[PDB]
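Breakdown of the fold
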Amino acid sequence: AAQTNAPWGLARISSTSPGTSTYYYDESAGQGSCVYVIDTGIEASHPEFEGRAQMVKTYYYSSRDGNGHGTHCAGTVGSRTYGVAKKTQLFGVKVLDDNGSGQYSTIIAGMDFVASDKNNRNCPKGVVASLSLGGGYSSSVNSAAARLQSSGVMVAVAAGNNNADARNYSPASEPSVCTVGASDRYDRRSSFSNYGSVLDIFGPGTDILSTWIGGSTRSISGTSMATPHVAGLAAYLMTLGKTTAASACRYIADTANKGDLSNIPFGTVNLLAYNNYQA
Ligand SMILES: [Ca+2]
């Protein structure tokens, strides 16, 4: 399949080269997988999700996204126009308030919840978690992400936006998960991206067009935005029979575009997510 005039980040993940604007992919497009978007919430009634999205849990008075950030991440995972895996099921877990803030104890409970709830959903091709959140180092937070990954979910987490070594942020710094940094459309590491030994992969995260609340759209940047490109890719690749939740991260890193990013600090992987799709 080919989607012409795609967002730059979708085109980038099916290209050997920067500078093209058509997203190629296998039509199965994540059918039978499911992605949990653990964040501010998802506006499931936004036309771009076509009934494939639903809130499953909140820790606040409402399940509604009053922020936008979770709907945007959800859109890159699996909105019809702005998403990677356009036939996935999305589920939404509101662990963050409408100002984008959350306590670590609620963040940990949301991870626990997802580890169990995957047994109440029909996700034959597997389950991915997308975590566009974090903060200063916490072993309990890392331990929860580790538990979530061990249970059989493919965990993708944002490296953080401090232009710093990610070893001092959680769950960024947990070696068992897939830690994702961001690039721009010129194949440079994004200026704010974290880095270091613990990063697995880069994805597009500068000037990322996606769904927003109010049935709207906007273009925003962050390691928050890079993360759901890898999640949808993992959803996509699991539906294709190419890998499993335990192996997904490793398979993405091994089949990535190599050595094409500039602005890479010594000791950081120069690897960019790529679907390997040959029409
Ligand atoms: Ca890993």
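The rules behind the values
- Residues numbered from 1 in each chain as written, not as in the entry; some residues may be left out.
- Heavy atoms only, no water.
- Disulfide = S-S within 2.5 Å.
- UniProt positions renumbered as here; feature names shortened; annotations may be inferred.
- Helix = DSSP H or I, 4+ residues; strand = E, 2+ residues; numbered from the N terminus.
- Buried < 20%, exposed > 50% of the residue type's maximum accessible area, 1.4 Å probe, protein only.
- Core = buried A, V, L, I, M, F, W, Y, C linked by side-chain atoms within 4.5 Å.
- Contact = heavy atoms within 4.5 Å.
- Polar contact = N/O pair within 3.5 Å; in protein donor to acceptor, adjacent residues only side chain to side chain.
- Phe/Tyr/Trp six-rings, centres within 6.5 Å; stacked < 30°, edge-to-face > 60°.
- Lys NZ or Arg CZ within 6 Å of the ring centre and 35° of its normal.
- Salt bridge = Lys/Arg side-chain N within 4 Å of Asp/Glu carboxyl O.

This part takes up the UniProt feature "disulfide bond" in the chain. Formation of the UniProt-listed bridge between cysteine 34 and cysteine 123 is supported by an S-S distance of 2.2 Å, under 2.5 Å. On the criterion of sequence distance, the pair formed by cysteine 34 in strand β3 (residues 34–39) and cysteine 123 in the loop between α3 (104–117) and β6 (127–131) is long-range, its members being 89 residues apart. Assessed through its relative accessible area of 1%, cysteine 34 is described here as buried. On the accessibility criterion, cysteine 123 (11% relative accessible area) is buried. Judged by the 2.5 Å criterion, the disulfide between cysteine 178 and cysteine 249 that UniProt reports is present, the sulfurs being 2.2 Å apart. Residue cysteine 178 is found in strand β10 (residues 178–183), and its partner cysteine 249 is found in helix α6 (residues 248–254); the two are separated by 71 residues along the sequence. Here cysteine 178 matches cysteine 249 in class, with each residue buried.

As used here, a disulfide is simply a covalent bond connecting the sulfur atoms of two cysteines. All chains considered together, the criterion is met by two disulfides. Covalent S-S linkage joins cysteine 34 and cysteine 123, the inter-sulfur distance amounting to 2.2 Å. Here the disulfide of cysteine 34 and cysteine 123 is left-handed, its torsion about the S-S bond being about -100°. Assigning the bonded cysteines of the chain consecutive numbers by sequence position, one obtains the connectivity 1-2, 3-4. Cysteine 178 provides the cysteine sulfur closest to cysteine 73, a residue in no disulfide bond, and the two sulfurs are 16 Å apart. The class of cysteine 73 is buried, set by a relative accessible area of 1%.

This part takes up the nonpolar core. Judged by nonpolar contacts, the single largest core of 45 residues is most densely connected at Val35, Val37, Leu90, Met154, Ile201 and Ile252. Looking at this core, the elements with two or more residues in it are α1 (8–13), β3, α2 (69–78), β8 (153–158), β10, α5 (223–239) and α6. Looking at this core element by element, the count peaks at 10 residues for α5.

Turning to the UniProt feature "binding site: Ca(2+) 1" in the chain, a few remarks are in order. Under the UniProt annotation, the feature "binding site: Ca(2+) 1" is placed at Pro175, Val177 and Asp200. Look at the named residues: they lie 26 residues apart in sequence, but the longest C-alpha span between them is just 9.0 Å, so in the fold they bunch up. Secondary-structure assignment places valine 177 in the loop between β9 (169–170) and β10. Inspection of the secondary structure puts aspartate 200 in the loop between β10 and β11 (201–204). If we skip the residues at most four places from it in the chain, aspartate 200 touches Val177, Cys178, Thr179, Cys249, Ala253, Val269 and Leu271. Polar side-chain contacts of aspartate 200 include one of 2.7 Å to the backbone nitrogen of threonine 179.

On to the packing of aromatic side chains, then. Tallied over the entire structure, the rule returns two aromatic pairs. On the numbers, 5.2 Å between centres and 25° between planes, the contact of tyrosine 23 with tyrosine 25 is stacked. Look at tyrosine 23 and you get buried, because its relative accessible area is 1%. You can call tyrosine 25 buried: its relative accessible area is 12%. Of note, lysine 94 hangs over the ring of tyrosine 60, and the distance from its end group to the ring centre comes to 5.2 Å. A cation over an aromatic ring shows up here: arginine 121 above the ring of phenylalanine 91, its NZ or CZ 5.2 Å from the ring centre.

In this section: the pattern of salt bridges. Under the defined criterion, the tally for this structure stands at eight salt bridges. In this structure, the salt-bridge partner of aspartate 187 is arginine 12, at a minimum N-O distance of 2.6 Å. With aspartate 187 in the loop between β10 and β11 and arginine 12 in helix α1, this residue pair connects regions lying 175 residues apart in the sequence. Across the pair, exposure class does not vary: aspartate 187 and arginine 12 are buried alike. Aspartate 165 serves as the salt-bridge partner of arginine 167, at 3.4 Å between the closest nitrogen and oxygen.

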